[PDB]
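Here's the structure we're looking at; comments come further down.
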Amino acid sequence: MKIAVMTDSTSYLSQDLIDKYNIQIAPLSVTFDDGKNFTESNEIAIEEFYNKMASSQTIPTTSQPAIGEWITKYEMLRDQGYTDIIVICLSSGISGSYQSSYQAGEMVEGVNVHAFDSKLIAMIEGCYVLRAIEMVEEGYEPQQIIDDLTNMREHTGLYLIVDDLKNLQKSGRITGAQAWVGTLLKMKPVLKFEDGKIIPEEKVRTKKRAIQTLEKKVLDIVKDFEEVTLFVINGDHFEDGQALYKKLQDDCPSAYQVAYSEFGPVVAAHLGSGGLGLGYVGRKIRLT
Ligand SMILES: CCCCCCCCCCCCCCCC(=O)O
């Protein structure tokens, strides 16, 4: 038995872990109305993408990995000699990448494809990849791995702050007067992941109080977990994410694993400039 673990680009794992464990990546894409297409990888400049998103009158569209990259990746893993492939995808409720990976897993002969719906995104999704790899190293069975990941999904979440009301207007989700009143009142919508769906939670004035609410809610949730791993997922606003990270380091005991990360173009295209998330998992994920 030879078990491998792969994922998509929305897991936003650092290139270090991808090189160390040789994790395969099915990249997503983001295309603008001008024809400019960005394929998610650790080589493109996120600053250029943010500058484009600012210099674009219309919001871009996002694209799941085409029903092809999964096929070649499974084929290469089978040619290398792998009996089982555990695939970790972003939330199937927000994207079709999980469905495309599952469908591609049916057209590849010679290896079992275990597609997993992480119901999350970013490093919170990459935590499933890290746990799967760790438990392959421990000598677990793919069914036991899927069971463990499903149990982990029960104690895993992500809260989010949207800062770009102009981006929400550019997508048509809000009106002009709404955006103006939100800017005047410093209104910052707070959202959360629930069963793979992004649902509203609070509407907090100013980004500072919204960050405090993020911390309060996540700490209240993880107080009951035997193991806690927190993740700051920042955007182009370095100061906000760094402040939240340092506040967590000061407020949380060392028994908590606090980490920092940043999301890429596919997430930024829908979150806008200044978005910031706090995610949690109820396990001690091996981040090295
Ligand atoms: C850590 C930040 C989380 C914010 C995530 C916001 C993105 C919502 C949906 C993701 C992109 C849409 C679907 C991906 C590509 C596609 O299938 O079209």
Side-chain angles (χ1 to χ4, degrees), residues 1 3-31 37-44 62-72 74-79 81-111 113-140 142-143 145-153 156 196 263-267 285-286:
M1 188 153 65
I3 322 161
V5 180
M6 91 163 38
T7 183
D8 46 42
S9 54
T10 37
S11 59
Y12 298 137
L13 286 157
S14 84
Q15 203 50 47
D16 273 356
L17 301 164
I18 298 184
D19 288 353
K20 162 136 171 213
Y21 299 118
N22 306 106
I23 314 153
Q24 295 302 282
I25 309 289
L28 283 92
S29 201
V30 47
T31 321
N37 171 71
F38 289 101
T39 296
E40 276 205 322
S41 41
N42 275 331
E43 78 109 24
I44 84 153
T62 46
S63 299
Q64 74 212 262
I67 321 177
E69 214 285 341
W70 302 103
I71 273 184
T72 86
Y74 304 154
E75 282 173 355
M76 286 178 218
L77 257 53
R78 160 246 279 161
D79 296 352
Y82 271 120
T83 73
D84 298 274
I85 295 173
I86 301 153
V87 166
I88 287 101
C89 298
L90 69 155
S91 167
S92 58
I94 83 183
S95 168
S97 166
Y98 168 72
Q99 159 83 254
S100 77
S101 88
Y102 166 75
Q103 265 177 293
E106 301 175 297
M107 331 176 153
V108 176
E109 213 65 66
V111 47
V113 178
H114 320 272
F116 183 74
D117 181 13
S118 75
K119 282 163 182 333
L120 268 309
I121 191 96
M123 262 313 292
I124 306 305
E125 165 192 8
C127 281
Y128 294 89
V129 186
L130 285 185
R131 176 52 165 175
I133 290 168
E134 170 189 32
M135 280 183 359
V136 178
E137 291 188 8
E138 307 183 301
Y140 276 98
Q143 255 320 297
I145 291 199
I146 294 288
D147 286 322
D148 196 271
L149 293 189
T150 319
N151 173 264
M152 200 167 86
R153 222 165 42 178
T156 282
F263 37 61
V266 161
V267 159
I285 304 291
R286 179 184 74 199

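What's counted below: heavy atoms across the whole structure, side chains too, no hydrogens, waters or symmetry copies. The first residue of the sequence shown is numbered 1, and numbering continues consecutively from there.
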Practice problem: Mind running side-chain contact (heavy atoms from CB on, under 4.5 Å) on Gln103 and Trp70 for me, showing each step along the way? | Solution: CA-CA 9 Å; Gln103 265 177 293; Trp70 302 103; over 6 Å; no

Quiz item: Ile25 and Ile18: side-chain contact (heavy atoms from CB on, under 4.5 Å), yes or no, with the steps?
Solution: CA-CA 9 Å; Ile25 309 289; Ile18 298 184; 3.8 Å; yes

Practice problem: With side-chain contact (heavy atoms from CB on, under 4.5 Å) as the test, would you mind laying out the steps for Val266 and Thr10 before giving the verdict? | Solution: CA-CA 7 Å; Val266 161; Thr10 37; 3.9 Å; yes

Quiz item: Hey, mind stepping through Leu77 and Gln24 against side-chain contact (heavy atoms from CB on, under 4.5 Å) and telling me if it holds?
Solution: CA-CA 9 Å; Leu77 257 53; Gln24 295 302 282; 3.6 Å; yes

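Of the possible polar contacts, none joining the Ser11 side chain to the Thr7 backbone as a donor-acceptor pair under 3.5 Å is found. Without hydrogens or angle criteria, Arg78 side chain to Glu109 main chain gives a donor-acceptor distance under 3.5 Å.
Under the side-chain hydrogen bond (donor to acceptor under 3.5 Å, both in side chains) criterion, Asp16 pairs with no residue, sequence neighbours left out. Remark: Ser91 pairs with no residue by the side-chain hydrogen bond (donor to acceptor under 3.5 Å, both in side chains) rule, at least two apart or across chains. Scored by the side chain to side chain contact (heavy atoms under 4.5 Å, CB included) test, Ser95 finds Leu28, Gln64, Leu90, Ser97 as partners (sequence neighbours excluded). Under the side-chain hydrogen bond (donor to acceptor under 3.5 Å, both in side chains) criterion, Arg131 pairs with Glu134, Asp148, sequence neighbours left out. For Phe263, the side chain to side chain contact (heavy atoms under 4.5 Å, CB included) test picks out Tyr12, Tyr50, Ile233, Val267, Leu271, with sequence neighbours left out. Residues satisfying the side-chain hydrogen bond (donor to acceptor under 3.5 Å, both in side chains) criterion with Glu137, sequence neighbours excluded, are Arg286. For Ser29, the side chain to side chain contact (heavy atoms under 4.5 Å, CB included) partners at least two apart in sequence or on another chain are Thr31, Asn37, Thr39, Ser63. Taking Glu43 as the reference, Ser41 meet the side chain to side chain contact (heavy atoms under 4.5 Å, CB included) condition, with sequence neighbours excluded. Residues passing the ring pair (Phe, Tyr, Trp, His ring centres under 6.0 Å) test with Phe38 are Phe49, sequence neighbours excluded.
The OG atom of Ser118 sits 10.0 Å away from the CD1 atom of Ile124 when rounded to the nearest 0.5 Å.
By the 4.5 Å heavy-atom criterion applied to side chains, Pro142 and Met1 are counted as neighbours. By the 4.5 Å heavy-atom criterion applied to side chains, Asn151 and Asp147 are not counted as neighbours. In this structure the side chain of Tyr74 reaches within 4.5 angstrom of the side chain of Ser101, judged on heavy atoms. Residues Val113 and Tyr102 have side chains not in contact (no heavy-atom distance under 4.5 Å, counting atoms from C-beta outward). Residues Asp84 and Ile145 fail the side-chain proximity criterion, which asks for heavy atoms closer than 4.5 Å. Between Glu40 and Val30 there is no side-chain heavy-atom pair separated by less than 4.5 Å.
For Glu125 against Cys89, the heavy-atom pair with the smallest separation is OE2-C, 3.0 Å. Between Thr83 and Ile3 the shortest heavy-atom distance is OG1-N, 4.5 Å. Nearest approach of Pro65 to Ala26, heavy atoms of both residues: CG-O, 3.4 Å. Closest approach of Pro27 to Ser9, counting heavy atoms only: CA-OG, 3.4 Å.
Within a 6.0 Å sphere centred on OH of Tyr21, heavy atoms belonging to other residues, nucleotides or ligands number more than 12.
Contacts classified as salt bridge (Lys or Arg N to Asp or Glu O under 4.0 Å) and involving residues 89-104 (residues at least two apart or in different chains) are not found. Sorted by first and then second residue, the salt bridge (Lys or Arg N to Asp or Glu O under 4.0 Å) pairs with a member in residues 113-123 read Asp117-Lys119, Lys119-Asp195; sequence neighbours excluded.
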